[PDB]
8 protein chains.
Amino acid sequence: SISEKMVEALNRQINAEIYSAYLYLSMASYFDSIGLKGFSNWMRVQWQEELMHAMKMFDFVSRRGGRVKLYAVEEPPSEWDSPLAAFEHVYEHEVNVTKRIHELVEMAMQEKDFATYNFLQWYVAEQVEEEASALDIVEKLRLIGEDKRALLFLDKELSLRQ
Amino acid sequence: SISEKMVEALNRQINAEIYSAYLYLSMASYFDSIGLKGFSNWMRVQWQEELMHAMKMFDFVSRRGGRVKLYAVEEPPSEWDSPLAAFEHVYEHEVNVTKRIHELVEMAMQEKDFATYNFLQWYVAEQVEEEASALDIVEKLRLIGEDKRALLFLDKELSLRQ
Amino acid sequence: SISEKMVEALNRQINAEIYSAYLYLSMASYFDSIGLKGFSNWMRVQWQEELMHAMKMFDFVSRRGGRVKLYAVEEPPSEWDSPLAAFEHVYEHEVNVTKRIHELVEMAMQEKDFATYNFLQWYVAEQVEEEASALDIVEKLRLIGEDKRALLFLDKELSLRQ
Amino acid sequence: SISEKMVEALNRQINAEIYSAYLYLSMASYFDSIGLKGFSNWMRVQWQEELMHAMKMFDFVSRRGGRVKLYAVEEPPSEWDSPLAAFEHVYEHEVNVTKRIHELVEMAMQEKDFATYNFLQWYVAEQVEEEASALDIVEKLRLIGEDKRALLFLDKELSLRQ
Amino acid sequence: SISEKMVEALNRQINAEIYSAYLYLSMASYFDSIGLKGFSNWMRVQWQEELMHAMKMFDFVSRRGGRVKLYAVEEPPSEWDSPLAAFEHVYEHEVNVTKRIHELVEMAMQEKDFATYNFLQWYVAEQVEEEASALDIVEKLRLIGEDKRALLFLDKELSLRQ
Amino acid sequence: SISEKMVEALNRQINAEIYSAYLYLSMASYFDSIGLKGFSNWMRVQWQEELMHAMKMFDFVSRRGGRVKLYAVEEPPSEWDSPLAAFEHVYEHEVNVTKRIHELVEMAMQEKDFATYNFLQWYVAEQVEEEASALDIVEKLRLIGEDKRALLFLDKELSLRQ
Amino acid sequence: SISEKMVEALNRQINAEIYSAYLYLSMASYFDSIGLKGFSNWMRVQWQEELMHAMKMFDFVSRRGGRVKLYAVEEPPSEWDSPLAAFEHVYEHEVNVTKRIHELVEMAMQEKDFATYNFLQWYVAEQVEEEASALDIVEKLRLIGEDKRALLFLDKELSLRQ
Amino acid sequence: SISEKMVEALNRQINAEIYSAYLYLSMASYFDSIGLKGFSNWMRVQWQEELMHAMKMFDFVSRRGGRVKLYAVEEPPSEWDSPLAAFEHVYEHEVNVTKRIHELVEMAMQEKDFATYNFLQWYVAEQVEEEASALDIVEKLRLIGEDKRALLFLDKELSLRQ
């Protein structure tokens, strides 16, 4: 059920998801110095929604009859050129997360892990809506522009997240 | 009245608190293969008690007229020779985390920053309770030994933490 | 046991807070000819939130064994070309309202009067958020413009102040 | 204390309220031809609240020992170049109805009729609250312009009137 | 869509329905000077029950994609030889209100408006019922007279209506 | 409307009522230095009863067609020759403010401004209890003396004020 | 960690706080033999309100990783020339209780205990407030005397305290 | 995630499921002319249970980052020879629906869509019970016959569907 090739790559998926949480938190400073409370709520909620997906894999790997591993969290970006970018950079660090599981899926069908195939369907179904909730934000600064009539209505429309 | 140095030493105590969540999370997993269900509850809680000391400085950084900074969370140790050795390491990682901020306290009685002294007092009032959660547990691993029949009454007595 | 020196610099901050409540009430008249009902309420709330910080010091002086003194509330500006000038003068009068107490900390940390210091402990934790309600108010007026299309979505969000 | 002239000049104020109700209910059509559903709603409540002030004065005249009298309601305008210009004509013909009462206050203070002096007091104190909802709205419609970006948030916030 | 031929005969039915309500408020003054207090409740309720059949039609044409027009509310009559004649006098301006809708059934196959047969059906089914509360009251005030044996229990018996 | 000749007489009573409210917060001190808790309680509540009638006139001035202005309102005394002087100055500045307003009352009936007459009756009905709530405190304080059996029963019996 | 220098001055503050409570139980006997029953409720409540500031400190040093020490609770005084002197006599052993903590602020940068400035802050903020319920009672029992005109309503007025 | 081969075949699965809903509705006319209320309820419930499965694919395809397409609804059958046939024709248009998804499943594993594989499990699990709820109806007219003692008990047993 466990391969040291598959046991090392699951601890590798956790540092990038913890990093994406350390990277969304860098847009809350970009939102608190610039003046955005929607990105601060979309980041204070995403800094706790991605780190809870990394505790779901330490409690799912620590049940297969093996030992878990803490890996290396790389340094993430801090700044971004616009509000369209935090939706596109969240949509870049998104597609970097779906192929990372789709490559481990065939790396589960080649390493003989049909138990992690059904275990990644909940990781393959959330990582499809997380890119539309960002694309809807990227196709919205484009659906807005450089205006600021919705910046008073987008900051307020993003504070109801939990 | 503002120095670009203390936000990084506060980000270094925040990096040590960012590290302690990956270091307690690596002490919750080595015990789940060993046979602790309590260390997972006290450490996933210490994995969540460490993320709360670095966010009070990220909400204080977004209020003094400044920016926070993201660094590298290094990989931490994973294993220990026993459950008792990680208990002796908690009496090492206690004053070493308080002095790094207490150095900012003495860097506050010399640099005139009365905003970080009362703000670390809540880190100095918790790091008397955070340091107390180790001595009463260590003076219990010495009262047991290398047996583990009374260690099974600690797993049930440490699973009620949240 | 009791010093009449810490009481006069507090009688200047209590009177300066009575003016800062009386000078913010003069920004409620400045907002009704242009067309703002929100900039008056963030002022109609601080006209009642600042007078409680000067009455919290008249009830701490009449319990420390002393007497308070009534001073002169000076005249403030009345008209402005915009909402940023009433916002930028408050971010100058912030550290300028903070220094009058930061001077009271040093006449208490050297003269041994921890009754006005702990009373000044409550003034150093609010004056980090009170500048954020000014930095967040100015860093929105600088990011908006003279586009009175976004000044109207803040008025509804500023008529909600209490 | 009863004159058939002061009761008939008051019964003429009911026709002026019938026109001000027929001219304000005719400004809701000015919103259905232009494209406003809020301006139809902010006027339909005042056109029926002013006609509610015209049915309440027929019982104060039918209490002085007399009969009321119905006169002629003139025809009003239908279309307009804007809502602020129709508000500025509304901020003139409103107080112009208050002076019409300012004519009845002295025509009661000269004939010893303390029953007709106080009877105009709930309308002369009310005709002080009716004018700021036009002056603050026109000096805001003047603060907006022809951009039509803030006018769609004024229609919805004014359709909640009852 | 909309033809300006049906809209002018509709503003005349709206003006005639505003009149049938404008004719009853003067039958409360003819009754409050004569000595009836029931007709003051019965006409002021009827002054608001008739404006509801034209407000169901003044709010229905300005929603069909057309414009309404405000006309002149004329001055009404004041006196009557008795209370019974004014009950039959409501029966002359009544069939004239039943006739205002009966012309549109034949005016719908020529103006191409198959919507006005069913829209005038609530006024052609009601304005035959509004007359039975008048014909049975007129054939009851007339079977009595100008007497005072049956008239004091009929005036009050209409004051519990709303 | 409102004229700045008459609008200056409304902003002048506000400074005397704000002083009398700032003098009452300073007449709370003549009892708080001695050791009385009711006369201190009778002042923090009366300091808000003049500010509750003068803040309704700052929101009545920004809607009546004028501008308000904050100038410099002078302070007041700290000490008194007796306990009666902080109470007799309250019984002197009371009817004299009704007269100070009685000079302004005729300045509304002289400019044909029935808009300030109904608004000053609320200023003429409040300044009739303000002379009874002080004269009744002085005409009771004269019957005791310098004793402390009824001066201590007035301190506890006045702590029930809100 | 823990130094035996701060723990001995703390068992003296614990013994001095056990004494300030041990000194009040003998002021209930001096009052129950004299003829006061209010001081029996006011001292037995004060005998348990003072043991709560040292039990907040006797349970705080034996949790910091150290040892407490039990000393001798001495015999206390019994008599007084009046009830007012024993109210001022509580004001001599008081500043001696306010002084027991003021030495640790300067004893924290030398014994390396930045925890005792904030831990003595609840006793340095309270033992100035415990004196206002004593100074205002002493400047009230002394402005009266050994008389019986103001003393019978003050003894009972402290018996509703807990 | 989206292929124009797979983007066209998903809009092709919707017209046949909308057609099966237009085809079950043709057995309600066959049930309303013949005399069946069980097939009318099994068709009025299935005409709304299959069209809700076609809105689940327009809201699942309009989230993959593409555009949806409305296709061609073919004409369906209207009549059937018996009640065993509407269970067998529903069981013919059933098996025409399971292979249609099982062919697109390998047309998802050849077009690289492992996100539509988990998305079709809810379409592959319902389309297995829909053939037993029809087969149980086909093996029931065979378990009945041409009798009509259960036609009074089958029409009634099919009206509790929602």
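Residues numbered from 1 in each chain as written, not as in the entry; some residues may be left out. Chains lettered and ligands numbered in written order. Part of a larger assembly, values for the part shown. Heavy atoms only, no water. Residues with missing side-chain atoms left out of burial classes, pairs and counts.

In terms of determination method and resolution, the entry is listed under X-ray crystallography at 3.0800 Å.

As annotated in the PDB entry, chain A carries the name Ferritin and comes from Archaeoglobus fulgidus.

K.L.:
Lay out the overall build of chain A in plain terms, naming residues and giving numbers.
P.N.:
For chain A, the count of helices and strands is 7 helices and 0 strands. Sequence-distant contacts in chain A: of pairs separated by 6 or more residues, those separated by 24 or more amount to 76%. (Helix = DSSP H or I, 4+ residues; strand = E, 2+ residues; numbered from the N terminus. Contact = heavy atoms within 4.5 Å.)

K.L.:
For the arrangement of the chains, give the residues involved together with the corresponding values.
P.N.:
At the C-alpha level, the nearest point of chain B lies 51 Å from chain E, with no contact between them. Regarding chain C and chain E, which are not in contact, the minimum distance between any of their C-alpha atoms is 29 Å.

K.L.:
Kindly report on the relation of the copies chain B and chain A, identifying the contributing residues and their values.
P.N.:
Its rotation angle being 178 degrees, the transformation that places chain B on chain A also includes 0.5 Å of axial translation and leaves an RMSD of 1.2 Å. Viewed as a symmetry operation, the transformation between the two copies matches a two-fold axis. Judged by C-alpha distance, B:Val73 is the residue of chain B that lies nearest the rotation axis, at 1.9 Å. A share of 73% of interface residues in chain B that are also interface residues in chain A marks the association as one of identical surfaces. (Least-squares fit on C-alpha atoms.)

K.L.:
So what's going on with the interface of chain B and chain A? Which residues, and what values?
P.N.:
Taken residue by residue, the interface counts 11 residues in chain B and 10 residues in chain A. The class makeup of the residues in the side of chain B that touches chain A is 5 nonpolar, 4 polar and 2 charged. (Nonpolar A, V, L, I, M, F, W, Y, C, P; charged D, E, K, R; others polar.)

K.L.:
Go over the environment of C:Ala108 with me, naming the residues and quoting the values.
P.N.:
Residues and elements named next belong to chain C. Residue placement: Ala 108 occurs in the loop between α4 (95–105) and α5 (114–117). C-alpha separation for the pair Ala 108 and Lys 5, spaced 103 residues apart in sequence, amounts to 9.5 Å. The contact partners of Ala 108, leaving out residues within four places of it in the chain, are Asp 113 and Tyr 117.

K.L.:
Lay out the UniProt feature "binding site: Zn(2+) 2" (unreviewed entry) in chain A in plain terms, naming residues and giving numbers.
P.N.:
Residue and element names in this part refer to chain A. Within this numbering scheme, the UniProt entry marks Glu 50, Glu 94 and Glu 130 as carrying the feature "binding site: Zn(2+) 2" (unreviewed entry). A maximum C-alpha distance of 11.7 Å is found for the annotated residues, which run over 81 residues; spatially they form one tight group. Checked against the element boundaries, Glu 50 lands in the loop between α3 (38–44) and α4 (85–88). Tracing the backbone shows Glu 130 in the loop between α5 (95–105) and α6 (132–141). (UniProt positions renumbered as here; feature names shortened; annotations may be inferred.)

K.L.:
Which residues make up the UniProt feature "binding site: Fe(3+) 2" (unreviewed entry) in chain A, and what are the values?
P.N.:
Residue and element names in this part refer to chain A. In the numbering used here, UniProt assigns the feature "binding site: Fe(3+) 2" (unreviewed entry) to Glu 49, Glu 126, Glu 129 and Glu 130. The greatest C-alpha distance among the residues just named is 13.5 Å, despite their covering 82 residues of sequence, which places them together in space. One can find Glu 129 in the loop between α5 and α6.

K.L.:
I'd like a description of unusual backbone geometry, backed by residues and values.
P.N.:
In this structure, C:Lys112 takes a positive phi of about 60 degrees despite not being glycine. Within the fold, C:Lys112 resides in the loop between α4 and α5.

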